[PDB]
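[1] Provide a 3D model corresponding to the input given below.
(2 chains, ligands or ions: 4)
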2 protein chains.
Amino acid sequence: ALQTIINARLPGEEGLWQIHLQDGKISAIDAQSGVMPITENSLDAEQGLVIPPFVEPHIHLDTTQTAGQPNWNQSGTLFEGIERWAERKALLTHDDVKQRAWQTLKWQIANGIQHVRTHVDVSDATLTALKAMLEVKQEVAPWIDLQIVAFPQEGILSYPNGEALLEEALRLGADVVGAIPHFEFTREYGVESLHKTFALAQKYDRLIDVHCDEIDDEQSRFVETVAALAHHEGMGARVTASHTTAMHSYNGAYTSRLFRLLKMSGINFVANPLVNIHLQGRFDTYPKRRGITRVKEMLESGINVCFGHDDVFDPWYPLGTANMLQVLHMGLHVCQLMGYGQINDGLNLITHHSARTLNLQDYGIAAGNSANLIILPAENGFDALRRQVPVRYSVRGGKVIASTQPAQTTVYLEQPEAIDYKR
Amino acid sequence: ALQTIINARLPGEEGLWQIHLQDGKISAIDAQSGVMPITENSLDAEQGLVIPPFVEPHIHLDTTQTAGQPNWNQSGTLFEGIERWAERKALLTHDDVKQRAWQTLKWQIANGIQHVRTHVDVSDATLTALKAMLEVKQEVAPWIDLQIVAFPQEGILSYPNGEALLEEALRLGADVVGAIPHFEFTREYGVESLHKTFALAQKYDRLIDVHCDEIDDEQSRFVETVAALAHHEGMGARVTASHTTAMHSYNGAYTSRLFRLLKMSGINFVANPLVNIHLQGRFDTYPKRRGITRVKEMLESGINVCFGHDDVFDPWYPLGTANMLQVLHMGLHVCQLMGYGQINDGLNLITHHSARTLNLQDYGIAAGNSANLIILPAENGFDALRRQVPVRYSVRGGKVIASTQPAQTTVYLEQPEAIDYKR
Ligand SMILES: O=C1NC=C[C@H](O)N1
Ligand SMILES: O=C1NC=C[C@H](O)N1
Ligand SMILES: [Fe+3]
Ligand SMILES: [Fe+3]
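    Numbers count the residues shown, from 1 in each chain, chains lettered A, B, ... in the order given. Ligands and ions are numbered 1, 2, ... in the order given. Shown next is the structure:
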């Protein structure tokens, strides 16, 4: 029966703050002039940072926890990954998908993630994973708001009954329409697939999230069609272009021309640093390109960009604990957003920007919003990132749904000394 | 009441010539065997060069004299330029446009330019500059034949009511249909915009002049659609592709294939050396590309190419005195047309080739043509270019409309000595 969050630090704000809770919502936020005493019904943030929940804007829960089954992706490429997944997709069962999705979802709850957008492969006449994921969505609702993207992994026009299956997925309840233009047989199929994707999103009033130009091909420019169609339909807010790794390889003049449209369109962008650094640059010898989209430039231009984990122990990525601060750490390094302020502001890439990408309507520490927030045992975004701190408490609807008792390290010198890695 | 131009040198001809004038036209041209005596009603070219008037095939009189208002183009790019112009376009007034256009037109008259093609931005529902320019066209007619290009600066398909405004501009009297495919949101809009541009030109019987591929993007190939559509409609002579700076970055094999079509199509090309060297190569670090289209190769292939000033003290260019010999000087250097003959023949790039680009029907020193010609105090094209000579006399309809008394330089050595920089 929590009534208040006290001694809280807030990004971009000076001092400590008190967050009053009432009926599962935030009733008011007031600044404090000093440290407040703890008491019953008060959750002490202990001068730690309080922020809305971490968000996972791009993950594949249907493939999670399947790395090496039946075989391993030896080349470390997107293309072999799809082929290795195809082998596993043929062996899927309802319970298998639910068990694995839930295992990763629990790690996400433990990591303060209360909003997740999972893509689900719908290039499968049986739609096995989709049916399973729709049940998981209902089951996990008390802890995570899960969005499902109908993702035509093998193409819309390049796979038998691809468009029909994509629409069937929407009729069954998928929240977002997906696409993968660079994987279609031809550039023309790629462009046409986007017109079909947008028509379905308008027909069913759904969001859009395209696996867009995930390839080191300077000629892969499907992103301009995604942005142009969004601008034409006046629906930028509901549209997302995931990856756009090809943008890392575009010449600067085209990119500058393109950026005007990206900003005017208002669409969202997702970069997946852990997976992008691994799968991109695989066709170069030396030097080897990084392959992440132009994150730094998007931020400088006011274009909404955010980070996703993409994969957790599957054909496209053998690692992960579904930790967003870890995803952010990799992104800041590869994108060279290493200035103090850029690092400190990094939290935006895994909180607010991701919420906008998911078109969330109830997100942020503000009066009237649901009492969904997490507490990090750190002074600010920089500190949280540097020390890769766990989530001390995760609060949803005004109730604690996860907590982590921090590790305790001691070094035995002339006398025992506690080490917290702070300066 | 001039009756004859005597002691004239002509490009590509040996000796001196006499040009007889009658009723505002050239009645006959006869070679002289020696120097002729001056007399009343005879304009003595004094063994200087006589050529048809200089031509300005590409300039923006609606933006001229506005550099820095309200702000300066800090990046020196085409893209920021459009954005800086957009700010100024919002502050345009009828008289403002007329005053500035006239200021530059007077410099052009002083510089022996009697034919000018100005682009006018018609991505403006009020069409303020266009209405002003249509009046300027009538006002300046006694001295300059002004062609107006309806230029959809912000795109045809990418700007609200862009196509409607473009057609309205033609209905109001614009002589040429413009376009800017590389600025459209997508490659498909770019190609479609060209089909619409050609349809309007045929519907109204107007010329075409496209701002074509003005970008350092090796994939910007709208020029092939411009040339193909012209060939299909059998209208090459009436079509111009301005800039084509992307051609500077094409691989050689595609360029060779393309050149066959360029020659067969018969379309015209305009290079704008002063502006191209400034705006192109801005996305390179080092080495930095020059960015002018393939002028030297076009000349070698018999493809009509010419030079324009493009901008005079505005968002895309802070300098200029609207001087064509200066434009030519820059072009010869950057394009490496530095052989004696190439330099001497350089005048063609600012006279005859530009007249063909404007589809002029009354141009050249020939019997029957209007008596429009200028006199340069130089021995040939090479000499005129090297010394950047002024226009001694500009004659139109057989009357002097401009004259420049040359500067007089003296050095005071053991005795005073006149210096004319000749060898
Ligand atoms: O096409 C893809 N499938 C799964 C992961 C990666 O994001 N790309
Ligand atoms: O698009 C353009 N507008 C003005 C000058 C330059 O020629 N390009
Ligand atoms: Fe993905
Ligand atoms: Fe121009």
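
[2] what's the closest non-adjacent residue to residue A:384?
    Ranked by Cβ to Cβ, 6 or more residues apart in numbering or on different chains and with sequence neighbours excluded, the top spatial neighbour of residue A:384 is residue A:378, at 3.8 Å. Where C-beta positions appear, they are placed from N, C-alpha and C, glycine not excepted.

[3] ok, now residue A:30?
    Distances taken as Cβ to Cβ, 6+ apart put residue A:18 closest to residue A:30, at 5.0 Å, once the chain neighbours are dropped.

[4] Also residue A:293?
    Leaving aside its chain neighbours, residue A:293 sits nearest to residue A:244 (4.3 Å; criterion: Cβ to Cβ, 6+ apart).

[5] now the strands for the stretch 201-350 of chain A?
    Secondary structure of the stretch 201-350 of chain A (DSSP state E, counting those that start in this stretch): strands located at A:207-212, A:239-243, A:268-271, A:305-307.

[6] Tell me which residue in chain A sits closest to ligand 2.
    residue A:257 (11.2 Å; Cβ to the nearest ligand atom).

[7] was I right about that residue contacting residue B:79?
    Yes: Residue A:257 lies in contact with residue B:79 (Cβ atoms under 8 Å); the separation is 6.4 Å.

[8] ok, those two, which is more surrounded?
    Using other Cβ atoms under 10 Å in any protein chain shown, the more surrounded residue of residue A:257 and residue B:79 is residue A:257, with 21 against 18.

[9] now that one: how far from residue B:49?
    Applying Cβ to Cβ, to the nearest Å, the value for residue A:257 to residue B:49 is 43 Å.

[10] show me the contacts for the residue of chain A closest to ligand 2.
    B:79, B:182, B:183, B:215, B:217 (Cβ atoms under 8 Å, 6 or more residues apart in numbering or on different chains).

[11] Am I right that the third one is in contact with residue B:151?
    Yep, that's residue B:183 we're talking about. No: look at residue B:183 against residue B:151 with Cβ under 8 Å: they stay out of range, at 11.0 Å.

[12] So for the two, which residues contact both of them?
    Contacts common to residue B:183 and residue B:151, judged by Cβ under 8 Å, 6+ apart, are residue B:211.

[13] count of residues packed around the residue of chain A at minimum distance from chain B?
    Nearest residue of chain A to chain B, counting by Cβ to the nearest Cβ: residue A:252, 3.0 Å away. Using other Cβ under 10 Å, residue A:252 has 15 neighbouring residues.

[14] neighbouring strands for the strand or helix carrying the residue nearest to residue A:30, and are they parallel or not?
    Taking DSSP states H and E as the criterion, the element that holds residue A:18 is strand A:16-22. Here strand A:16-22 has these sheet partners by DSSP bridges: strand A:4-8 (antiparallel), strand A:25-32 (antiparallel).

[15] so how far is the shortest one from its chain's centroid?
    Distance of strand A:4-8 from the chain centroid (Cα atoms, centre = their mean, to the nearest Å) equals 27 Å.

[16] thinking again about what came up before, ok, which of the strands of the stretch 201-350 of chain A comes nearest residue A:114?
    Proximity to residue A:114 (Cβ to Cβ) singles out strand A:305-307 among the strands of the stretch 201-350 of chain A, at 15.3 Å.

[17] which helices and strands does the closest one pack with?
    Contacts defined by 3 or more Cβ pairs under 8 Å, 6 or more residues apart in numbering or on different chains; DSSP states H and E place strand A:305-307 against strand A:54-59, strand A:268-271, helix A:295-301, helix A:324-334, helix A:352-357.

[18] Return the set of buried residues in stretch A:183-194.
    By 16 or more other Cβ atoms under 10 Å in any protein chain shown, the buried positions in stretch A:183-194 come out as A:183, A:184, A:189, A:190, A:191, A:192, A:193, A:194.

[19] One more: stretch A:333-342?
    By neighbour count on 16+ other Cβ under 10 Å, the buried set for stretch A:333-342 is A:334, A:335, A:337.

[20] show me the residues around the residue nearest to residue A:30 that make contact.
    A:4, A:5, A:6, A:7, A:8, A:29, A:30, A:31, A:32, A:36 are the contacts of residue A:18 under Cβ under 8 Å, 6+ apart.

[21] Can you tell me the number of residues neighbouring the first one?
    By the criterion of other Cβ under 10 Å, residue A:4 has 19 neighbours.

[22] is it in a bridge, and if so with what?
    Here residue A:4 shows beta-bridge partners residue A:20, residue A:42, assigned using DSSP bridges.

[23] where's it relative to residue A:53, distance?
    Distance from residue A:4 to residue A:53, by Cβ to Cβ: 19 Å.

[24] got the residues of the stretch 201-350 of chain A near chain B?
    Residues of the stretch 201-350 of chain A found near chain B (Cβ under 8 Å from any Cβ of the partner chain) are A:218-219, A:221, A:224-225, A:227-228, A:231, A:251-257, A:260-261.

[25] so what's residue A:174 closest to, chain neighbours aside?
    Using Cβ to Cβ, 6+ apart, the closest residue to residue A:174 is residue A:150 (3.8 Å).

[26] partner residues bridging the one you found?
    Beta-bridge partners recorded for residue A:150 (DSSP bridges): residue A:120, residue A:177.

[27] Please give me every residue in contact with it.
    A:120, A:122, A:130, A:166, A:169, A:170, A:174, A:176, A:177, A:178.

[28] Which members of those residues define the maximum pairwise distance?
    Among those, A:130 and A:177 lie farthest apart (Cβ to Cβ), at 13.1 Å.

[29] More neighbours: which of the two?
    Neighbours were counted for residue A:130 and for residue A:177 using other Cβ under 10 Å; residue A:177 has more, 30 against 23.

[30] what does the stretch 51-200 of chain A put close to ligand 1?
    The stretch 51-200 of chain A comes close to ligand 1 at residues A:60, A:78, A:180, as judged by Cβ under 6 Å from any ligand atom.

[31] could you redo the last one with a cut-off of 5 Å?
    Within the stretch 51-200 of chain A, no position is adjacent to ligand 1 by Cβ under 5 Å from any ligand atom.

[32] need the strands for the stretch 51-200 of chain A, in chain order.
    Using DSSP E, counting those that start in this stretch, strands in the stretch 51-200 of chain A cover A:54-59, A:113-121, A:145-151, A:176-179.

[33] Now distance to residue A:348 too, for the ones you listed, in JSON lines please.
    Below are the strands of the stretch 51-200 of chain A laid out as JSON lines (distance: least, Cβ to Cβ, whole Å):
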{"stretch": "strand A:54-59", "distance to residue A:348": "11"}
{"stretch": "strand A:113-121", "distance to residue A:348": "15"}
{"stretch": "strand A:145-151", "distance to residue A:348": "20"}
{"stretch": "strand A:176-179", "distance to residue A:348": "22"}
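
[34] TSV for those strands, including distance to ligand 2?
    Putting the strands of the stretch 51-200 of chain A into TSV (distance: least, Cβ to the nearest ligand atom, whole Å) gives the following:
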stretch	distance to ligand 2
strand A:54-59	37
strand A:113-121	40
strand A:145-151	39
strand A:176-179	33
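
[35] right, so of those, which gets closest to residue A:74?
    strand A:113-121 (21.1 Å).

[36] helices or strands next to the closest one in the packing?
    Using 3+ Cβ pairs under 8 Å, 6+ apart as the contact test, the elements touching strand A:113-121 are strand A:54-59, helix A:94-110, helix A:128-140, strand A:145-151, strand A:207-212, helix A:352-357.

[37] could I get these as a markdown table with distance to residue A:84?
    Shown next, in a markdown table, are the helices and strands packed on strand A:113-121 (distance: least, Cβ to Cβ, whole Å):
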| stretch | distance to residue A:84 |
| --- | --- |
| strand A:54-59 | 18 |
| helix A:94-110 | 16 |
| helix A:128-140 | 16 |
| strand A:145-151 | 16 |
| strand A:207-212 | 17 |
| helix A:352-357 | 28 |
